[PDB]
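First the structure, in the form of structure tokens, and then the observations on it.
Neighbour counts run over all protein chains shown; Cβ positions are idealised from the backbone, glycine included. Values in this text are rule-based calculations from the coordinates and carry no lab data.
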Amino acid sequence: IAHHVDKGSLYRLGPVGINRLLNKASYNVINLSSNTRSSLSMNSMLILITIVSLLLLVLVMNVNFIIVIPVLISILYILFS
Amino acid sequence: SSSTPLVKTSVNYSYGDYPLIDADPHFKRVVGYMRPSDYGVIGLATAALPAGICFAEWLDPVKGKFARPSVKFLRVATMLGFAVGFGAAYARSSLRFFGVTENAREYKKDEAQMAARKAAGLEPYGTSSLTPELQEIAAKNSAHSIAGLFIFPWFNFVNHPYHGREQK
Amino acid sequence: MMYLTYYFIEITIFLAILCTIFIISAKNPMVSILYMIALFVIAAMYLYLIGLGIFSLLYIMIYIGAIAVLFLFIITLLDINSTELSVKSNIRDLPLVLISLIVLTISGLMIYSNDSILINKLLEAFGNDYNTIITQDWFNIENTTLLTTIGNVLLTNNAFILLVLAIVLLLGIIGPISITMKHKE
Amino acid sequence: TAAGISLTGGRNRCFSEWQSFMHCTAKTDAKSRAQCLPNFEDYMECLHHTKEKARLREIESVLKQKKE
Amino acid sequence: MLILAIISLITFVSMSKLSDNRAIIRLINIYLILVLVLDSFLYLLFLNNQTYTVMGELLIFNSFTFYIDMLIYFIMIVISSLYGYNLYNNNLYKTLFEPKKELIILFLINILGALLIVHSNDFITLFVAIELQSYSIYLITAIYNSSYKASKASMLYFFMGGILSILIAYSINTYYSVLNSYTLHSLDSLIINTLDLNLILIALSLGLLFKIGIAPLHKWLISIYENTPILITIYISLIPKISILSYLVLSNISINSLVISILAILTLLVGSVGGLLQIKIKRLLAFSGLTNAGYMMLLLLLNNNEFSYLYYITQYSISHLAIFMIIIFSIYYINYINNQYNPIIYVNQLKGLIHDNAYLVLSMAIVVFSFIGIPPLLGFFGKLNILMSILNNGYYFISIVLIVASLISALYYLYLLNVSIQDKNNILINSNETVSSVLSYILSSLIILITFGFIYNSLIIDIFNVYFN
Amino acid sequence: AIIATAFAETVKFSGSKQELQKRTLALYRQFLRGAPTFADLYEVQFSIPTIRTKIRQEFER
Amino acid sequence: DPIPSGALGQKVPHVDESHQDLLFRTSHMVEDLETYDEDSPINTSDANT
Amino acid sequence: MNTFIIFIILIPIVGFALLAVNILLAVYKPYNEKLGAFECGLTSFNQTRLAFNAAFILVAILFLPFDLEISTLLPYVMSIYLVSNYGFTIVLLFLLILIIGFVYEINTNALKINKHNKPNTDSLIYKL
Amino acid sequence: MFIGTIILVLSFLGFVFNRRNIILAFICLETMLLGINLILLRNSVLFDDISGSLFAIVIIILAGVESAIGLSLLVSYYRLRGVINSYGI
Ligand SMILES: CCCCCCCCCCCCCCCCCC(=O)OC[C@H](COP(=O)(O)OCCN)OC(=O)CCCCCCCCCCCCCCCCC
Ligand SMILES: CCCCCCCCCCCCCCCCCC(=O)OC[C@H](COP(=O)(O)OCCN)OC(=O)CCCCCCCCCCCCCCCCC
Ligand SMILES: CCCCCCCCCCCC(=O)OC[C@H](COP(=O)(O)OCC[N+](C)(C)C)OC(=O)CCCCCCCCCCC
């Protein structure tokens, strides 16, 4: 109990696992705009990708909602994994 | 030349608890209906801004030691303070015209002025150099413009008939 | 003889596509500026075609006469290195370029119609088949043109935006002096 | 502010439909605003000519396939 | 008064030396104070929420906009005080913080654009004002032209704002193509439910929102806030946000949008997570502003959102000014000046501030726990009113995301406090130089407002119920 | 005053062979470093090695 | 006892005059964790002279 | 086919007449030094640009706003009668606000060229 | 409607996928404004409306001021750096 539950799984669903989860998610969030060589082309591509992705997502949700849910889950995976 | 309106306006609208005089008063009227309190506000701002910069120099001085600001800055200060005060005075008188503050004196004065104008066969609110269409555009540009005193100044100079009162 | 001048809007559309491609493609950016000038000429043509030659001349005297002049002025005075259009550098863009071309064009043509079903929103945009009847009235007694009316509304109905454009032009003077000049003391 | 003004300084092509619709809006409240549906349909029809285009599509199709 | 100020200061600065710009800033600060004192009685025009249309129908004046204008004047007063009053009369602080000649004029023109954004009723006024804001704030980012980072940020900001302005103009002209109008008053129940109009409207909303860092378009503005001077960052991170969000709150454009909900959730998650590994102060505060912008995006889906927005924007402005002022005050005790422009960059340079100035750390703690939303402070009541509105309007998943973001952001808010209350060797024992009186009073007043403003919440609600209902 | 040109050297007669040694070696270094410039400025139809060979010949003379 | 730690317990660099050197240019860390200034008085002493 | 259209097309698609006459009639047998460019002159691979004074670019940057001002006055002079005594005041305010910026430009001396090698004006003082 | 959308979209793509110049970025912004103005003026003609032409002339003025300010900012960047390279803005 004291070591596998109270200092194991209940710290993993707790201060340790959240810490590791947020370390990885933060690192993935900040290592997204990857190249400091040119800051302009990269963010320009981000405008383009945002507009295109939004348009196609709104198409998909007009077609049917529940299909857009895993698309958003995968987008969060790409952004935060 | 005809001085008759092209569009319908509210009759005796209530901007506050007190009665209405003019919904778009002329500059001349707003300045002639000023009270001594308004001139006091003007002088107050005119004196407060230069005294303000000297007070600031007293609290935290620019250099290490206290030195009264130049007469350059005091002059520009007096001018800007007079401008701020004229703004506040114009706003106070215009709000008395709108019925937002107490306007009994101004009400009786407007009544007497309009009665004298009718006696002299003059048009109420004056005769304009502009066509009726431009009077309308001017009223629509100047009506309730004192709300934007913080941003821009705008004043009525056009002598239009679109003050929100009964026809006579 | 009648329909020799029918496709002069389509020709301008074609030439505009060409000049944009040449802007993107030109080796020296001076040539890109010259092709931008040619695109302004094409737009001015099209504006004459649809009945707005006043705007064509305004464009010629403002865009080509000042803005393009300033572009040439700066590239004559500043070192602006350039990488040439390459297949080892730019071919990676083709998938996203094509996807975005299709999506953006189709959405830009869909956005103008109010129909509920999505496919019909493009099909109405391509529904340019039927001609407009131009009947004549006799009610306009004056010689009011587009510039006269622009002045009328801008100086009476819209005086505020003119007196705000004044401060925009003040910025256009005061900013560049603050950024380019170094004040002694 | 410059609404309802033409290129020549006067009323625009679709002024009357807009003015009818705005009369009906002035008559109405947000709960009775659905009475102004035909007026707004007329204004939009004057603007974009969708229904007339569909009508002419029908006319042309009868001129098109029922003959050849 | 602003245009009078601009037309006066242009002449008076042209006919004055560079030795006089600080005193000029002091003069115009007192001018703005006198205006906010003497002309603020105009609130009586808006009794029972009376609304006025001015300059034809190009501007709108109500209690909302009057309040935002008073707030922007208050902000400009504080930001001008930071430029017009020396912290210390040393050569260092006469090298770090000097006003440039044209800076005050550009600030006032940007304030003009801000207010003409919030007061706009027609899209031509909105576009002219958006451009008057954005050009001026390009030049504000660029006025310190002896900085490589600032010039670079100037140009990035120019191009990205240009593209987003293209988007706004496309939205406006498409709205005109559909309805033949530039006015949102032209919309009603019938027009909304008869025309599908959400693409145009959300395109406008996003063109306005990506100009304040709404994800996934946040990195560029965070780089701009990092790379600019501290006393420029404090302005360019706040006033555009107030202006644009106030326009989008007054204009009921995105009442139940799915896209705005999605992007607001994304802003919350990004602004909470991405700030956890930031070692620099300005990037941390930028991600804080991002998550607060998300909290304020949430109330663009409500249709009754005035109280929540005004409370939250006022408290966020006070907290933002206070935290930047504390970072500005901490430069006297940091042991390593990084730049002439950003003298303090990293959070670990605040290590041991409690042993040099303890009450500065008390201020920092108050502001940090207001950001976290700890009662009885002001951010708690902000978050409470936002939650009240969004749960009254049926956003139940967004609420849980809001709680989780409130929790994740506390870590990087507490990073500052934690390192500040740590122990340090080589403490301060004596110093004959004293910090300014005016700026000290301003900071203390902001902290006291954060701490004791909850006393007046009843009174504020009673005034709101007369002027906004 | 009348200021000197780009690569001028004030005339200073060494009172020692050991100092003039260093001066001569520096001048040799400068000629060798400048030979590419001599080939670019003067439209030379031969090698930069040839220019350096000639410099060495004239210094051996 | 001191080694600088971050908000999430992670390693942070102690930023000195140490690594405003020409060595630590031309490295490709993200904008957040770079530590090369480009406006430092160490690097910008000869600038437009 | 109007005479305006005929002229404005004819000038470009005929302007190369003397060009072709000159290309066909005239000699062309270049030398290296006839393809050259000057009496003396040279430049190594030093740079592609020369340092320029600020006024050289500021005159061009300020041409844009003043040109836009003077072109924005065109609607007024084509509307002058219809906007009678209202637009007059408005355009006067416009011109005054835009004269304030011109005043700024003059007082800053932004189009002036400054001289580095000043003449020495300081006295000759001998420590005794 | 067509010419303007085409110019706009191609200018946006030539802005986004520019690995060459900064001048191309300036050009693509100006051509984007051009495309918007052309759609705007075509609608102005079809509706017989002045608000479109007013917005168009306002865009002309604002784009001129934008160009002036942008090319002052570039000149500051060049004051400090001396060369405007393929990358790095
Ligand atoms: C419409 C439906 C939408 C509903 C939402 C659906 C959710 C979709 C989520 C997918 C989006 C991607 C986010 C995935 C997390 C990012 C990091 C990751 O990949 O997880 C791994 C991380 C690893 O830790 P470790 O094994 O030590 O390191 C080696 C990893 N290669 O993991 C760990 O650190 C250990 C994890 C232990 C478990 C901790 C559980 C804590 C639960 C509270 C979470 C609160 C924080 C939320 C953070 C939000 C992040 C987006
Ligand atoms: C600025 C730079 C210059 C370049 C500009 C380029 C042109 C601009 C293009 C348009 C403007 C950009 C818009 C930005 C994207 C976000 C738009 C948006 O969010 O609006 C969506 C909105 C519905 O969302 P909402 O109102 O929030 O939710 C309630 C739903 N009843 O409204 C909608 O419902 C949208 C309607 C759905 C249809 C979308 C059309 C997409 C069709 C693409 C099909 C392509 C074919 C298939 C794939 C091809 C690939 C090979
Ligand atoms: C106004 C300057 C703002 C600058 C920042 C300072 C905050 C001033 C708050 C006064 C607001 C008011 O009293 O008003 C209440 C307003 C609407 O009332 P009003 O139309 O604006 O009339 C006011 C007339 N005045 C200008 C003459 C006063 O309701 C609100 O939602 C206010 C929400 C703000 C909550 C923040 C509370 C801060 C604690 C205050 C401790 C004294």
Starting from residues that are at the interface with another protein chain (Cβ under 7 Å from one of its Cβ atoms), touching a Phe, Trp or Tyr at 6+ places or on another chain (Cβ under 7 Å) and in contact (Cβ under 8 Å) with a residue 40 or more places away in the chain, keep the ones in region E:23-49 and report whichever is farthest from ligand 2 (Cβ to nearest atom).
E:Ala23
Restrict the check to region C:80-97 and report whether at least one residue is away from chain H (no Cβ under 14 Å), within 24 Å of the chain's Cα centre (by Cα) and surrounded by fewer than 19 Cβ atoms within 10 Å (Cβ to Cβ).
yes
The condition of being in a helix (DSSP H, G or I), out of contact with any helix residue (DSSP H, G or I) (no Cβ under 9 Å at 6 or more places or on another chain), within 14 Å of chain G (Cβ to nearest Cβ) and more than 16 Å from ligand 3 (Cβ to nearest atom) holds, among E:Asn425, E:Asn418, only for E:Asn418
Any residue at all in region I:66-76 that's within 9 Å of chain C (Cβ to nearest Cβ), in contact (Cβ under 8 Å) with a residue 40 or more places away in the chain and either more than 21 Å from H:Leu58 (Cβ to Cβ) or out of contact with any helix residue (DSSP H, G or I) (no Cβ under 6 Å at 6 or more places or on another chain) (or both)?
yes
Report yes if A:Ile18 is more than 14 Å from chain I (Cβ to nearest Cβ) and either out of contact with any strand residue (DSSP E or B) (no Cβ under 9 Å at 6 or more places or on another chain) or away from ligand 3 (no atom under 16 Å from the Cβ) (or both), otherwise no.
yes
Here's a check for you: in region C:23-43, which residue that is of a type in the set (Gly, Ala, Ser) and more than 7 Å from chain I (Cβ to nearest Cβ) is nearest to the chain's Cα centre (by Cα)?
C:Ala38
Is it true that some residue in region C:147-163 is in contact (Cβ under 8 Å) with a residue 60 or more places away in the chain and farther than 30 Å from H:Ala54 by Cβ?
yes
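For every residue, the table says whether it meets (1) buried (at least 22 other Cβ atoms within 10 Å of the Cβ); (2) within 30 Å of D:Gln19 (Cα to Cα); (3) within 12 Å of chain C (Cβ to nearest Cβ); (4) under 21 Å from the mean Cα position of the chain (by Cα).
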position	(1), (2), (3), (4)
E:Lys100	no, no, yes, no
E:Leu103	yes, no, yes, yes
E:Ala114	yes, no, no, yes
E:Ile124	yes, yes, yes, no
E:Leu139	yes, no, yes, yes
E:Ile172	yes, yes, no, no
E:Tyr176	yes, yes, yes, no
Restricting region E:451-464 to residues that are closer than 13 Å to E:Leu310 by Cβ and more than 7 Å from ligand 3 (Cβ to nearest atom), the one surrounded by the fewest Cβ atoms within 10 Å (Cβ to Cβ) turns out to be E:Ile461
Can you confirm whether E:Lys383 is more than 30 Å from B:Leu59 (Cα to Cα), of a type in the set (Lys, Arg), more than 23 Å from the chain's Cα centre (by Cα) and more than 16 Å from ligand 2 (Cβ to nearest atom)?
no
Residues satisfying the stated conditions in region B:73-132, i.e. buried (at least 17 other Cβ atoms within 10 Å of the Cβ), outside any helix (DSSP H, G or I) and within 11 Å of another protein chain (Cβ to nearest Cβ)
B:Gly99, B:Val100, B:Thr101, B:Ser128, B:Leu130
Just need a number here: residues in region I:26-60 that are more than 11 Å from chain D (Cβ to nearest Cβ), of a type in the set (S, T, N, Q) and surrounded by fewer than 24 Cβ atoms within 10 Å (Cβ to Cβ).
0
From I:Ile39, I:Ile69, I:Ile27, which residue is within 30 Å of D:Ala3 (Cα to Cα) and among the β-branched types (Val, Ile, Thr)?
I:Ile39
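Here's the yes/no breakdown for (1) exposed (fewer than 14 other Cβ atoms within 10 Å of the Cβ); (2) closer than 24 Å to C:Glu124 by Cα:
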position: D:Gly4; (1), (2): no, no
position: D:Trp18; (1), (2): no, yes
position: D:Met22; (1), (2): no, no
position: D:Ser32; (1), (2): yes, no
position: D:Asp42; (1), (2): no, yes
position: D:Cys46; (1), (2): no, yes
position: D:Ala54; (1), (2): yes, yes
Among the numbered criteria (1) of a type in the set (S, T, N, Q); (2) within 12 Å of ligand 1 (Cβ to nearest atom); (3) not in a helix (DSSP H, G or I), which single criterion is violated by A:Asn35?
(2)
Find the helices (runs of 4 or more DSSP H) located wholly in region E:225-294 whose residues include 3 or more that are more than 14 Å from chain A (Cβ to nearest Cβ) and either out of contact with any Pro (no Cβ under 8 Å at 6 or more places or on another chain) or within 16 Å of ligand 1 (Cβ to nearest atom) (or both), and list them.
E:230-236, E:239-250
Give region E:185-203 a look and list any residue that's more than 12 Å from chain C (Cβ to nearest Cβ) and in contact with a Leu (Cβ under 9 Å, 6 or more places away or on another chain), or say none.
E:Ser186, E:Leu187, E:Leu190
For region E:428-450, give me the residue count where each residue is more than 10 Å from ligand 3 (Cβ to nearest atom), among the hydrophobic types (A, V, I, L, M, F, W, C) and either in a helix (DSSP H, G or I) or within 14 Å of chain G (Cβ to nearest Cβ) (or both).
5
When region E:380-411 is checked residue by residue, the ones that are within 14 Å of E:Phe307 (Cα to Cα) and in contact (Cβ under 8 Å) with a residue 60 or more places away in the chain are E:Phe381, E:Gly382, E:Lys383, E:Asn385, E:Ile386, E:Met388, E:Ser389, E:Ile390
If the requirement is being surrounded by 10 or more Cβ atoms within 10 Å (Cβ to Cβ) and closer than 30 Å to C:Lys184 by Cβ, which of these qualifies: H:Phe94, H:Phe63?
H:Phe63
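In the list E:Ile230, E:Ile236, E:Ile130, E:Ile200, which residue meets the criterion of being buried (at least 23 other Cβ atoms within 10 Å of the Cβ) and under 20 Å from the mean Cα position of the chain (by Cα)?
E:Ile130
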